[PDB]
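A single chain comes next, written as structure tokens; it is the form deposited in one PDB entry.
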């Protein structure tokens, strides 16, 4: 099953990464930043530019050659919209364990076709597209999030919004909780990883003691996450979950920046999402500025901030 690849979401200091679109503008810049962060960036692909070096690293014509020659276990895609679905499919065909697609603007129909192939295999896990990537603070950064605001810690964060991820990260670093693993699932309607996929990993990760789930209008992923949490996050070991759902003030029938953020035919409003998550035991913050303080207070009431003297 495709769910077997959920484990590949949890990047760490031993993850080895190649860059598809390596010689492009953003591929170059974020590969340089990845090296400076300490990510094991080992090479990349641009079709037709194999046999060159770039940033002191090898460039390959194909994902298969790059993977075989470097032992890469993850790929990050900075390929323009007309070709990014093909880049994802090439990485699936090469059985790369984790593929992270940053690109915004892939045709929705392209992603429906990609997801059809993705769901019929279990070797490759896709995050994205239209996402900032994934980060294990101090261990591995694959994406475009600002490194300096993170702090290794206790909160797992999953979000349909990159910018709101940064808000939750900054808030949780400020109050000293830090982050165990942050996954941006992206703003597109059809993507490789949903909330439930990350919740499975967070609930079974001892390092993740609390969870922030950030959603927005459109689709049904938040409702599916609520159902997952009803079944799997009840009991004495239940972990605190705090959430913000953007778009209570959004008008209907309009895509609000993200391709997936629309109230369409009456479906996808924020109010129903907040209700579903509250019924699953999630504490929903009234304000997007109070994610960190809200989960802090949940920890406080559970005596999870006591000092060992």
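For clarity, a rigid core is taken as the largest C-alpha set superposing within 1.5 Å between two forms. Residue numbers count along the first chain shown, from 1.
Checked against the other entries of this protein, residue 258 counts as resolved in every one of those spanning it, not missing from a third of them. Across the other compared structures of the same protein with both neighbouring residues present, residue 267 lacks coordinates in at least a third. Mean C-alpha B-factor is higher over 295 to 303 than over the other stretch, the pair under comparison being 10 to 18 and 295 to 303. Stretch comparison (248 to 256 versus 58 to 66) by mean CA B-factor in the PDB entry places 248 to 256 on top. Across 161, 130, 238, 75, the greatest Cα temperature factor reported in the deposited entry is at 238.
Among the modelled residues of the chain, residue 228 sits in the highest third by CA temperature factor in this PDB entry.
Remark: residue 263 belongs to the highest third of its chain, ranked by C-alpha B-factor as recorded. Among the modelled residues of its chain, residue 150 has a C-alpha B-factor that falls in the middle third according to the deposited record. Placement of the Cα temperature factor of residue 44 within the chain: lowest third of the modelled residues, per the deposited record. Ranked by Cα temperature factor within the chain, residue 71 sits in the highest third according to the deposited record.
Heads up, the form deposited in another entry isn't pictured, but that's what we're talking about next.
Just one of the listed positions, 282, 42, 259, 59, moves its Cα by at least 2 Å between this form and the one not shown when the rigid core is held fixed, and it is 259.
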